[PDB]
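**Student:**
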RNA sequence: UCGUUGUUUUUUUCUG
Ligand SMILES: [Mg+2]
Ligand SMILES: [Zn+2]
Ligand SMILES: [Zn+2]
Ligand SMILES: [Zn+2]
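Residue numbers (UniProt numbering), protein chains in the order written: chain A, 749 to 795; chain B, 1 to 113; chain C, 437 to 485; chain D, 4 to 266; chain E, 28 to 72; chain F, 1 to 66; chain G, 836 to 920, 931 to 982.
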């Protein structure tokens, strides 16, 4: 996966419409940190 | 850092049902209700109503831990009626009461203004 | 570290053997250890920091 | 059976009398009004450029708290469950503000009024920041000096006060019953006597005082509550009342549906 | 290609990492990197 | 630093009332009177208008970076 | 036992909410008239012993611009020291503390007493009162 | 391409 460290948004879920940047992309489950609070959250690659 | 999300308090996750019912073996005609994403706002209201009915022997509940938004309700009606029927009766009665109150308040406000 | 695990628990200074016992874990949110108010006595501990 | 008697009414507040209902009912109504009456408030601020003396988070927070006219919010879907990728115009409203001070002197005062609706699921009467009056500039957001500029592009969504206090439409809900303590739910701390040290409630006139020789009644129950309501202006007091009632009703309906569907 | 700013004159300019670190217009010796172009978000909470 | 938006305690909006409070102050009316005329009865709010210290004007006095 | 319950809505309205500023300081070190230390973004091929974090937020000039977000284990400054004899460069970065997060606020760049490049980074963030905090009358 | 390492030495003001 050469698609790391690029800003990514979320479309479905509880954090819909929030900006973020990929941090870890092991596979099928991306952990993107949220810019608004000081937290990180996981989310599958489809959302 | 370890703070729980504020949106988890009311948005029930799919995997867990809103309401879970269990029987209480120690005595007959008694069940234990495991609610979710609720607090005193609803539990107290339901309890006050159910206590007024004559055919209900024991109605109780408790908010186990405030950091978790759910409560459990213990209800046992005499053999005449299954507890679930009493529960739904209480729900319907409260809904009717609220509708009546809304009608009356609308009238009062209209005449007031 | 999952529920019901037994974990030691100490307060410094540990004067007497009651100053450190083994509890049962119960994972909860937020960032503070939590105790039953009774068991402070042996720890001679208060929640003032 | 339940009865209401509004005493003094107004757009923002209501002082009413509600009797012949379980104390649990009135208290649950108060809680639901304070907590579970959805409204609209800012939920995403993008500072395209700032030069004020105030931290970006500071301004974002201040914006979050400003009351919005959320009259028709009932008709807006929750952004969480709205199907549209990103935010459609039917699960959100977009407000934009950009005020700049110019000239070497003076100090501009960015007011809540400067916020201007850009989109929104029209013609729904939602989004416009609330104003006391015609000329009321509104809240004070910041002050700007020479060569200082601010450019933000806010977003609003429908949320319940449970999630955050910014969605609370009710300011403070008074509440009381038995001003004469005839039910004896309380014992009055006193140095000399209970009467000559304790001020009487403002509703003392509305109920007859207990007679001197009267005996305690034990089957009496609370029957009259004297609750006042106030709002931020984001919703009319009467609308808040009806909406809390509706929310409680539909929540109970959901509970009943779950119960019957368990089988 | 990197934007900058002075602390007294407050006039923007840029450096190629080779020019001595001074203000181009008033010769001042203090500079700050200007705000990035990326977008910023806040929950406003 | 700047007048708060809402009364932490209850929630009644107070932020917009700062200017009017000052204005009433300049013309000699005592603080209690000014608070009354603004219709601030619950002291949970009154504590704020009465005991806010304004600092942003102090910050402005510094020539901005830009 | 000296523990206190605080209204949550008071927090939500910003009771006792506070700012927080942290400053990181670094500068070029002159290891020789012809041998000095430079601020720049290193490349894995050209350097050795790079930090486990990520450098992506670094600019081309070796610094991070204000207004960007950072976090723990995030390299906010890229400094490379020449290796005493290619691939003759070793890291001298200044990673952010693993346990702190915030928003880069203001980068200060100038020359030290000796004319070497002199940098400073000030991150800021807001501390929300919560359980476990301390208060006193 | 797994792998993948980050100082000491004092002094100081603090916390229970
Ligand atoms: Mg102690
Ligand atoms: Zn939508
Ligand atoms: Zn200059
Ligand atoms: Zn108040």
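We put the CB at the ideal spot given by N, CA and C, even for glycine.
Just to confirm the assignment: which complete beta strand (DSSP E) runs, minimum length 3, are found wholly within the region 71-133 of chain D?
**Tutor:** Runs found: 71-73, 96-100, 111-114, 129-132.
**Student:** Within 8 Å of any Cβ in chain B, is that where the Cβ of residue 474 (chain C) sits?
**Tutor:** Cβ-Cβ to chain B under 8 Å: no for residue 474 (chain C).
**Student:** In the structure shown, what three-state DSSP assignment does residue 956 (chain G) receive?
**Tutor:** Residue 956 (chain G): strand per DSSP, three-state reduction.
**Student:** Looking at ligand 3, does it come within less than 7 Å of residue 61 (chain E), judged from the CB to the closest heavy atom?
**Tutor:** Because no heavy atom of ligand 3 lies under 7 Å away, the Cβ of residue 61 (chain E) does not count as near it: no.
**Student:** Compare the C-beta of residue 483 (chain C) with all C-beta atoms of chain G and state if any pair is closer than 8 Å.
**Tutor:** Chain G, which has a Cβ nearer than 8 Å to the Cβ of residue 483 (chain C), makes this yes.
**Student:** Taking C-beta pairs closer than 8 Å, name the residues in chain G that residue 63 (chain E) reaches, listed in chain order.
**Tutor:** The answer, in chain order, is 900, 901, 902, 903.
**Student:** Report the option in F:37, F:25, F:9, F:19 whose CA atom is closest to the CA atom of residue 43 (chain F).
**Tutor:** If we check each option's Cα against that of residue 43 (chain F), F:9 comes out closest.
**Student:** Just confirm the distance between the C-beta atoms of residue 69 (chain D) and residue 163 (chain D), as a whole number of angstroms; I'd bet it's less than 8 Å.
**Tutor:** Not a contact, Cβ separation roughly 18 Å.
**Student:** Below 7 Å, is the gap between the Cβ of residue 52 (chain E) and the nearest heavy atom of ligand 6?
**Tutor:** As presented, the structure is devoid of ligand 6, carrying ligand 1, ligand 2, ligand 3 and ligand 4 as its sole ligands.
**Student:** Do residue 915 (chain G) and residue 877 (chain G) have their CB atoms nearer than 8 Å?
**Tutor:** Going by C-beta atoms, residue 915 (chain G) is nearer than 8 Å to residue 877 (chain G).
**Student:** What is the rounded straight-line gap between the Cα of residue 35 (chain E) and the Cα of residue 114 (chain D)?
**Tutor:** Cα-Cα distance, rounded: 30 Å.
**Student:** By DSSP's criteria, residue 258 (chain D) is part of a beta bridge. Which residues make up the other side?
**Tutor:** For residue 258 (chain D), which the question treats as bridged, DSSP gives no partner whatsoever.
**Student:** Output, in sequence order along the chain, the residues in the region 3-27 of chain B whose CB is closer than 8 Å to any CB in chain D.
**Tutor:** Residues 6, 7, 9, 10, 11, 17, 18, 19, 21.
**Student:** Can you tell me the Cβ-Cβ gap for residue 55 (chain B) and residue 88 (chain B), rounded? I've got them flagged as a contact below 8 Å.
**Tutor:** Not confirmed; about 13 Å, so no contact.
**Student:** First and last residue of the beta strand (DSSP E) that includes residue 9 (chain D)?
**Tutor:** Residue 9 (chain D) -> beta strand (DSSP E) spans 6-12.
**Student:** Whose C-alpha, out of D:221, D:4, D:12, is nearest the C-alpha of residue 231 (chain D)?
**Tutor:** If we check each option's Cα against that of residue 231 (chain D), D:12 comes out closest.
**Student:** In three-state terms, what does DSSP make of residue 138 (chain D)?
**Tutor:** Looking at residue 138 (chain D) - three-state DSSP - the assignment turns out to be coil, as it is neither helix nor strand.
**Student:** How far does the alpha helix (DSSP H) with residue 17 (chain F) in it extend, from its first residue to its last?
**Tutor:** Where residue 17 (chain F) is concerned, the enclosing alpha helix (DSSP H) stretches over 17-26.
**Student:** Distance check for residue 28 (chain F) and residue 95 (chain D), CA to CA, integer angstroms please.
**Tutor:** Going by the C-alpha atoms only, they are around 47 Å apart.
**Student:** Given a limit of 7 Å on CB to CB distance, which residues of the region 60-86 of chain D reach chain E?
**Tutor:** Result list: 60, 63, 64, 66, 67.
**Student:** When you get a sec, list the residues whose CB is within less than 6 Å of any heavy atom of ligand 1, chain order please.
**Tutor:** Those satisfying the condition are, in chain order, C:482, C:484.
**Student:** Output yes if chain A places a C-beta closer than 8 Å to the C-beta of residue 93 (chain D); else output no.
**Tutor:** Answer no: the Cβ-Cβ gap between residue 93 (chain D) and chain A never drops below 8 Å.
**Student:** From residue 943 (chain G) to residue 66 (chain D), what does the alpha carbon distance come to, in whole angstroms?
**Tutor:** Each residue's Cα considered, the two are about 31 Å apart.
**Student:** Please state if the CB of residue 79 (chain D) and the CB of residue 169 (chain D) are separated by a distance shorter than 8 Å.
**Tutor:** No, the Cβ-Cβ distance between residue 169 (chain D) and residue 79 (chain D) is not below 8 Å.
**Student:** Identify, in the order they occur along the chain, each residue of the same chain with its Cβ nearer than 6 Å to the Cβ of residue 859 (chain G), setting aside the five sequence neighbours on each side.
**Tutor:** Excluding residues within five positions, the ones whose Cβ falls inside 6 Å are 939, 966.
**Student:** List, in chain order, every chain G residue whose beta-carbon is nearer than 9 Å to that of residue 169 (chain D).
**Tutor:** Residues of chain G passing the Cβ test: 847, 848.
**Student:** Could you tell me whether any Cβ in chain B is nearer than 8 Å to the Cβ of residue 762 (chain A)?
**Tutor:** Interface residue, yes.
**Student:** Please report whether the beta-carbon of residue 786 (chain A) lies at a distance below 8 Å from any beta-carbon of chain G.
**Tutor:** Answer yes: the Cβ-Cβ gap between residue 786 (chain A) and chain G drops below 8 Å somewhere.
**Student:** Nearest CA to the CA of residue 929 (chain G): which residue from F:58, F:3, F:40?
**Tutor:** Coordinates for residue 929 (chain G) are simply not present: the residues of chain G run from 920 and resume at 931.
**Student:** So what does residue 177 (chain D) bridge to, in DSSP terms?
**Tutor:** According to DSSP, which records beta bridges pairwise, residue 177 (chain D) is partnered with nothing at all.
**Student:** Which ranges does the beta strand (DSSP E) cover as unbroken runs of at least 3 residues, wholly within the region 14-79 of chain B, from first to last along the chain?
**Tutor:** If we require 3 residues or more, the beta strand (DSSP E) runs fully inside the region 14-79 of chain B come out as 20-23, 30-34, 56-62, 72-77.
**Student:** Contact between the region 220-230 of chain D and the region 57-64 of chain D: three or more CB pairs below 8 Å?
**Tutor:** Output reads no: the region 57-64 of chain D does not touch the region 220-230 of chain D.
**Student:** Does residue 11 (chain F) get closer than 8 Å to chain G when you measure Cβ to Cβ?
**Tutor:** It does: the Cβ of residue 11 (chain F) has a partner Cβ on chain G nearer than 8 Å.
**Student:** Going straight from the alpha carbon of residue 897 (chain G) to that of residue 68 (chain E), what length do you get?
**Tutor:** About 25 Å.
**Student:** Would you identify the three-state DSSP class for residue 63 (chain D), choosing helix, strand or coil?
**Tutor:** Helix.
**Student:** Taking any heavy atom of ligand 2 as the mark, which residues have a C-beta closer than 5 Å to it, listed down the chain?
**Tutor:** In chain order, the hits are D:85, D:87, D:91, D:94.
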